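S.K.:
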Amino acid sequence: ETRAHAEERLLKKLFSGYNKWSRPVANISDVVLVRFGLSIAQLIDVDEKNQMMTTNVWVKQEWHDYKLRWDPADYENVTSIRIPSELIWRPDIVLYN
Amino acid sequence: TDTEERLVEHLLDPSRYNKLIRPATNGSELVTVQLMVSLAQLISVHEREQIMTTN
Amino acid sequence: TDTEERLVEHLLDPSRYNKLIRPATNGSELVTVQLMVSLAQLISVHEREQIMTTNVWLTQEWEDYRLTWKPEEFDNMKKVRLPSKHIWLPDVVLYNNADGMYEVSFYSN
Amino acid sequence: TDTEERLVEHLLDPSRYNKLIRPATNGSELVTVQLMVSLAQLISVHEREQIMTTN
Ligand SMILES: *[C@@H]1O[C@H](CO)[C@@H](O)[C@H](O)[C@H]1NC(C)=O
Ligand SMILES: *[C@@H]1O[C@H](CO)[C@@H](O)[C@H](O)[C@H]1NC(C)=O
Ligand SMILES: [Ca+2]
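Chains as they are written, first to last, in full-length UniProt numbering: chain A, 31 to 127; chain B, 26 to 80; chain C, 26 to 134; chain D, 26 to 80.
1. Could you give the residue range of the alpha helix (DSSP H) that holds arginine 31 of chain B?
2. What residues of chain B sit near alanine 103 of chain A, judged by a beta carbon separation below 9 Å?
3. Cβ-heavy atom distance between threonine 109 of chain A and ligand 2 below 6 Å?
4. To the nearest angstrom, report how far apart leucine 67 of chain D and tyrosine 127 of chain C are at their CA atoms.
5. Distance check for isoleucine 111 of chain A and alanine 103 of chain A, CA to CA, integer angstroms please.
6. Could you please give me the residues that DSSP links to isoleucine 46 of chain D through a beta bridge?
7. Does the segment 107-122 of chain A touch the segment 80-88 of chain A, meaning 3 or more C-beta pairs lie closer than 8 Å?
8. Can you find a heavy atom of ligand 1 that lies under 6 Å from the Cβ of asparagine 57 of chain A?
9. Classify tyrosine 105 of chain A: buried if its beta carbon has 16 or more other beta carbons within 10 angstroms, exposed otherwise.
10. Closer than 8 Å between beta carbons: that is the criterion. Which residues of the segment 47-73 of chain C meet it against chain D?
11. Are the segment 81-97 of chain C and the segment 110-119 of chain C in contact at 8 Å, needing three or more beta carbon pairs?
12. Say whether chain A places a C-beta atom closer than 7 Å to the C-beta of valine 81 of chain C.
13. Contact between the segment 46-54 of chain A and the segment 55-73 of chain B is defined here as three or more beta-carbon pairs at a separation below 8 Å; is this criterion met?
14. Could you work out which residues of chain B lie near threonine 32 of chain A, taking near to mean beta carbons separated by less than 7 Å?
15. What's the C-alpha gap between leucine 32 of chain C and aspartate 100 of chain C?
16. Looking at the structure shown, is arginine 65 of chain A part of a helix, part of a strand, or coil, going by DSSP?
17. Return the CA-CA distance between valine 62 of chain D and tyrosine 42 of chain D, expressed in angstroms with no decimal places.
18. Alpha carbon to alpha carbon, how far is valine 105 of chain C from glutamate 30 of chain C? Give it in angstroms, no decimals.
19. Which bits of chain B does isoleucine 113 of chain A rub up against, with CB to CB less than 8 Å?
20. Identify which residue in C:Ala123, C:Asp38, C:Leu36 and C:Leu45 has its Cα closest to the Cα of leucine 37 of chain D.
21. Alpha carbon to alpha carbon, what distance is there between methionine 77 of chain C and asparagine 80 of chain A?
22. Pick out whichever of C:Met102, C:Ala49, C:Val58 and C:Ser130 has its Cα sitting closest to the Cα of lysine 110 of chain C.
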């Protein structure tokens, strides 16, 4: 009945046969839309001599995964969880320059 | 000690304790955390690059 | 997709794929690696300590006979993205580096 | 190869080889290690703090 036990049940169900190396689309032709944003914490340095810019940013990302879905009615009205980001698929967004 | 290691095995048994889960009871109750900072030393204030170092 | 994750599981199944063994058949044949350097920026030349800094994309191509599959058996999939940390890689490094950074920075798929 | 993989899986079989044990037989024999340093480049000699950097 306790929320922790329900969360444990949900975690055990979610990652039963989850593969973090596979793109999370139900159909191969589907595209994963990634909502991308930046949020700058501070402008650390502008090195004019070396032509480099150092910034502290928050890289906000948001996408949909079709396998990580549940009905909150089956898990004590648990509506969202926090899990380590290295257990799931993530987009490989990199800074080019 | 035998009892102490039996207790430590019992508490941290991954079968019944998951460290990725908040210790919340009573449905949607929140976990209260008390914080207190103890300053051991002000190591340096670097005015040039505006950084304070503390232990 | 279910088929994609089935294929990824089948290809990387550690029982039947050892990433520490060269993908050479027929005994002692050699594995040919194609190499191509692409330059993105010449970041700096530091004459004082004699070091050049570059941002390069190092294209590598080879053949791994253990990573084959039949498209008709996997919903007609022609290629897949595998993490490069879980397949065999040729240990190609910048041999004349300075500061001892032999390897690449990112390890993309 | 299948043969190379079989050989590697046979040599390192943890059921009959663990790396925590020195390869010594005959009671108290000692493992002889042959050492040879080959210099790749003398990176720098920093006279100020008396440090030599080598590859
Ligand atoms: C995937 O989408 C294509 C194109 O719309 C369609 O032909 C195919 O039947 C779909 N497959 C599944 C499993 O939904
Ligand atoms: C479930 O919990 C949410 C709070 O996250 C609340 O707004 C909602 O009314 C609850 N529903 C039920 C049926 O308990
Ligand atoms: Ca500056």
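The beta-carbon is built from N, C-alpha and C at its ideal position, and this holds for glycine as well.
M.R.: Looking at the coordinates:
1. Numbered from 1 along the second sequence, position 6 holds the residue referred to as residue 31 of chain B. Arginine 31 of chain B -> alpha helix (DSSP H) spans 27-37.
2. The sequence position of residue 103 of chain A within the first sequence is 73, counting from 1. None at all; the shortest Cβ gap to chain B is about 14 Å.
3. As a position in the first sequence, residue 109 of chain A is number 79, starting the count at 1. Yes, the beta carbon of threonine 109 of chain A sits closer than 6 Å to at least one heavy atom of ligand 2.
4. Along the fourth sequence, read from residue 1 onward, the residue named residue 67 of chain D stands at position 42. Along the third sequence, read from residue 1 onward, the residue named residue 127 of chain C stands at position 102. Cα-Cα distance, rounded: 17 Å.
5. Residue mapping note: residue 103 of chain A aligns to position 73 of the first sequence, counting from 1. Residue mapping note: residue 111 of chain A aligns to position 81 of the first sequence, counting from 1. Their Cα atoms are separated by approximately 15 Å.
6. For the purposes of this step, residue 46 of chain D is taken as residue 21 along the fourth sequence, with counting starting at 1. Paired residue(s): none; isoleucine 46 of chain D is not in a bridge.
7. no
8. As a working note, residue 57 of chain A is residue 27 in the first sequence. It does: the Cβ of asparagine 57 of chain A is within 6 Å (strictly closer) of some heavy atom of ligand 1.
9. Taking the first residue of the first sequence as position 1, residue 105 of chain A is located at position 75. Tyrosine 105 of chain A comes out buried.
10. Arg47, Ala49, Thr50 and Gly52
11. yes
12. Mapped onto the third sequence, residue 81 of chain C falls at position 56. Chain A, which has no Cβ nearer than 7 Å to the Cβ of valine 81 of chain C, makes this no.
13. no
14. Taking the first residue of the first sequence as 1, we reach residue 32 of chain A at position 2. Result: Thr50.
15. By 1-based counting over the third sequence, the position of residue 32 of chain C is 7. By 1-based counting over the third sequence, the position of residue 100 of chain C is 75. Roughly 10 Å separates the two Cα atoms.
16. Residue mapping note: residue 65 of chain A aligns to position 35 of the first sequence, counting from 1. In this structure, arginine 65 of chain A counts as strand in the three-state DSSP scheme.
17. Counted from its first residue, the fourth sequence places residue 62 of chain D at position 37. Counted from its first residue, the fourth sequence places residue 42 of chain D at position 17. Computed Cα separation, rounded: 29 Å.
18. By 1-based counting over the third sequence, the position of residue 30 of chain C is 5. By 1-based counting over the third sequence, the position of residue 105 of chain C is 80. Answer to the nearest angstrom: the Cα atoms are 10 Å apart.
19. Within the first sequence, numbered from 1, the residue matching residue 113 of chain A stands at position 83. Within 8 Å Cβ-Cβ: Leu45.
20. For the purposes of this step, residue 37 of chain D is taken as residue 12 along the fourth sequence, with counting starting at 1. Ranking the options by Cα distance to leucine 37 of chain D, first place goes to C:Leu45.
21. By 1-based counting over the first sequence, the position of residue 80 of chain A is 50. By 1-based counting over the third sequence, the position of residue 77 of chain C is 52. Computed Cα separation, rounded: 13 Å.
22. The count along the third sequence starts at 1 and reaches residue 110 of chain C at position 85. Nearest option by C-alpha distance: C:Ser130.
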